[PDB]
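Given as C-alpha cells, the chain that follows is alone and in the form deposited in one PDB entry.
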C-alpha cells in the first residue's frame, strides 16, 4: 500500500480528548514558495474564472505529532498545528508540480512538506451495535478519487490555552461529519477515540486523524436513517456495512482496490489499535483464528 503511510499509532486502544494537547503556532505554517505565493494566486484566479461559485475556507495544517513515552501519566500526545486554506491546498498538494515542491522542501528546509498546505482531515471507523463498520460510495463525478469507497469524515474549519479549544473542535468535527452525512442523531454516538494519523501519498502526503466511534443503532437502523434523508441529504451515492470479523482480512479482498487512501488509513489503524488483541482470552485460537 504505497499510497498510505502511518505517521502515528496511538497506545491504549486509542486516546480520548482529555489526553491530547495542541500547540497552534504560525511557526507550524507552510513556508512561502521559492518564487513567491503568486503561483497559488494564479491557479486560484484560473479556477474562479471557470467556477465563480467556489469559495475559500481556512483549515488546520498538520506540522507533526509527538507521543509521550508509553505507560506515562499526564498528556499522551502533542499535536503541532498551523493554519492553511482550501486555496493553498489547490495551489500546492493538488498542483501537477506537487512532487517538485516536495523535492525543493527537502533541499531548502530538510522537510518534504515545507512548501505544502497539508490540511488536516478527520475520518471515522464507525461501528454499529450489531458489530459492522460503515462504508460510503463516492460520486463518479467528483474530481478526486471518483467512484471509490470512503468512510465518514471531512476537513474541519478553525472557529494549551488556545490548544484545548482546538482539540475540542477536532473531536466535535468527526461527530458533526457523521451527523451531516449519515443522518444519525448525535445522542446515538460515543465520544471518539483517536486511533492515529495516516498520510495520503497520492495527495503529496497530506494527513488525516483517524478516530473510532461506536453507535447504539444496528446496521439496519443506520441504513434507514441515511436513506430517509433522500439524495440531497448526502454527498455519497450509497451506504454499506462489513462485519468487524471480516475487516481483519479486508486488505486481501477485491474491496481494497476500491478504497480511497484516507479510508485505507482508517481501516489499517482500526485493525492495529482496536483489533490485534494482546491478552490470553481474546488471543486464544477459537477467538483469534490463525491466518
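Numbering follows the first chain given and starts at 1.
The discussion below concerns the form deposited with a small molecule bound, not included here.
None of 164, 139, 107, 216 but one reaches within 4.5 angstroms of the small molecule in the deposited complex through a heavy atom, and that residue is 139. For residue 130, no non-hydrogen atom is located within 4.5 Å of the small molecule in the deposited complex, even though that partner is not displayed. Residue contact with the small molecule in the deposited complex: residue 236 places a heavy atom within 4.5 Å of it. Within 4.5 Å of some heavy atom of the small molecule in the deposited complex lies at least one heavy atom of residue 151.
The partner is not drawn, yet in the deposited complex one stretch among 189-197, 108-116, 173-181, 216-224 has residues with heavy atoms inside 4.5 Å of the small molecule: 173-181.
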